[PDB]
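What follows is upload-v7.txt (compact mmCIF, C-alpha atoms).
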```txt
# COMPACT_ATOMS: atom_id res chain seq x y z
CA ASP I 1 47.98 39.28 33.27
CA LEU I 2 46.38 42.68 33.76
CA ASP I 3 46.93 42.25 37.50
CA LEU I 4 50.53 41.07 37.31
CA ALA I 5 51.27 43.88 34.86
CA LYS I 6 49.84 46.30 37.43
CA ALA I 7 52.24 44.83 39.99
CA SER I 8 55.41 44.46 37.92
CA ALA I 9 55.06 48.00 36.58
CA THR I 10 55.19 49.69 39.98
CA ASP I 11 58.03 47.27 40.68
CA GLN I 12 60.12 49.39 38.31
CA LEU I 13 59.32 52.66 40.08
CA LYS I 14 60.12 51.13 43.45
CA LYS I 15 63.49 50.14 41.97
CA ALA I 16 63.94 53.50 40.27
CA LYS I 17 63.65 55.61 43.40
CA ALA I 18 66.30 53.49 45.12
CA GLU I 19 68.64 53.75 42.14
CA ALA I 20 68.05 57.49 42.04
CA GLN I 21 68.97 58.06 45.68
CA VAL I 22 71.97 55.75 45.36
CA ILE I 23 73.52 57.81 42.59
CA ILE I 24 72.66 61.06 44.36
CA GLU I 25 74.42 59.76 47.47
CA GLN I 26 77.45 58.81 45.40
CA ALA I 27 77.45 62.28 43.86
CA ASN I 28 77.59 63.76 47.34
CA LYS I 29 80.38 61.40 48.39
CA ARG I 30 82.48 62.41 45.39
CA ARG I 31 81.65 66.02 46.25
CA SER I 32 83.03 65.72 49.76
CA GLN I 33 86.12 63.92 48.47
CA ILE I 34 86.77 66.65 45.91
CA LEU I 35 86.39 69.36 48.53
CA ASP I 36 88.51 67.71 51.21
CA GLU I 37 91.30 66.90 48.76
CA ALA I 38 91.40 70.38 47.25
CA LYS I 39 91.44 71.87 50.74
CA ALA I 40 94.20 69.58 51.99
CA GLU I 41 96.34 70.31 48.95
CA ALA I 42 95.80 74.09 48.93
CA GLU I 43 96.94 74.13 52.54
CA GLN I 44 100.35 73.00 51.31
CA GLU I 45 100.50 76.00 48.98
CA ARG I 46 99.63 78.30 51.87
CA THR I 47 102.24 76.82 54.19
CA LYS I 48 104.99 76.86 51.58
CA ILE I 49 104.39 80.44 50.48
CA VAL I 50 104.36 81.52 54.13
CA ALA I 51 107.50 79.64 55.13
CA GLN I 52 109.21 81.03 52.04
CA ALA V 1 98.19 83.34 53.35
CA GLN V 2 98.98 86.74 51.86
CA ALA V 3 97.50 88.63 54.80
CA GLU V 4 99.48 86.38 57.14
CA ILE V 5 102.65 87.62 55.44
CA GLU V 6 101.68 91.28 55.55
CA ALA V 7 101.12 90.94 59.29
CA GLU V 8 104.59 89.49 59.77
CA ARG V 9 106.16 92.32 57.81
CA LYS V 10 104.40 94.93 59.94
CA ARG V 11 105.35 93.15 63.14
CA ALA V 12 109.05 92.68 62.37
CA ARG V 13 109.22 96.31 61.26
CA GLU V 14 107.73 97.44 64.56
CA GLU V 15 110.17 95.37 66.60
CA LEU V 16 113.10 96.78 64.66
CA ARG V 17 111.85 100.30 65.32
CA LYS V 18 111.41 99.59 69.03
CA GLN V 19 115.03 98.58 69.49
CA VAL V 20 116.44 101.66 67.79
CA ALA V 21 114.13 103.95 69.72
CA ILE V 22 115.17 102.70 73.13
CA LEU V 23 118.82 102.80 72.08
CA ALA V 24 118.33 106.40 70.97
CA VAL V 25 117.12 107.41 74.41
CA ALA V 26 119.73 105.37 76.29
CA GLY V 27 122.49 106.86 74.17
CA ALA V 28 121.21 110.39 74.62
CA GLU V 29 121.21 109.76 78.36
CA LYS V 30 124.80 108.56 78.42
CA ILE V 31 125.95 111.44 76.22
CA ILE V 32 124.13 113.94 78.42
CA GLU V 33 125.61 112.54 81.62
CA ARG V 34 129.04 112.75 79.94
CA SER V 35 128.79 116.20 78.36
CA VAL V 36 127.19 118.45 80.98
CA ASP V 37 129.28 121.11 82.69
CA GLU V 38 128.44 123.98 84.93
CA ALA V 39 127.97 126.60 82.23
CA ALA V 40 125.41 124.37 80.51
CA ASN V 41 123.48 123.68 83.71
CA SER V 42 123.33 127.40 84.38
CA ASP V 43 122.29 127.95 80.77
CA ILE V 44 119.33 125.63 81.31
CA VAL V 45 118.18 127.01 84.65
CA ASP V 46 118.61 130.64 83.65
CA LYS V 47 116.35 130.02 80.70
CA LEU V 48 113.64 128.14 82.56
CA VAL V 49 113.36 130.89 85.15
CA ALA V 50 112.56 133.32 82.34
CA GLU V 51 109.48 131.42 81.16
CA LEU V 52 108.59 130.46 84.74
```
As structure tokens, please, write out the structure in this file.
Amino acid sequence: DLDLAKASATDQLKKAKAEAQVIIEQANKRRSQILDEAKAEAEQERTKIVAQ
Amino acid sequence: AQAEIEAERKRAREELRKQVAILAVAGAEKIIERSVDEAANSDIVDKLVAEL
């Protein structure tokens, strides 16, 4: 039980690094979506003020 | 977008000035060709010979 505790502990850190990078990646995806959407929608403001 | 409007103002203004300038010279030319008579020609030449 000492040995299998040794193993199943580091199991959790192996899991934890994956679930860290997954949420970081999702943060970056939401970042790029925020930026691209704000850019695409501000371009409408530019074009309308100019055409006006 | 604001700079892109300032540029268009400047450019339309310039075009509108260009037209009037070339009409000013064309008109002055037609008037001149219509108004000259021998006393005026002599008035011009007799002056230029004095500063000659």
Chain V contacts to chain I at 12 Å (only C-alpha atoms) as an NGL selection string: :V and (1-9)
Point-to-point distance in Å for atom CA of residue I:22 and atom CA of residue I:34: 18.4 Å
Between atom CA of residue V:17 and atom CA of residue V:30, distance in Å (one decimal):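 These atoms are spaced 20.2 Å apart.
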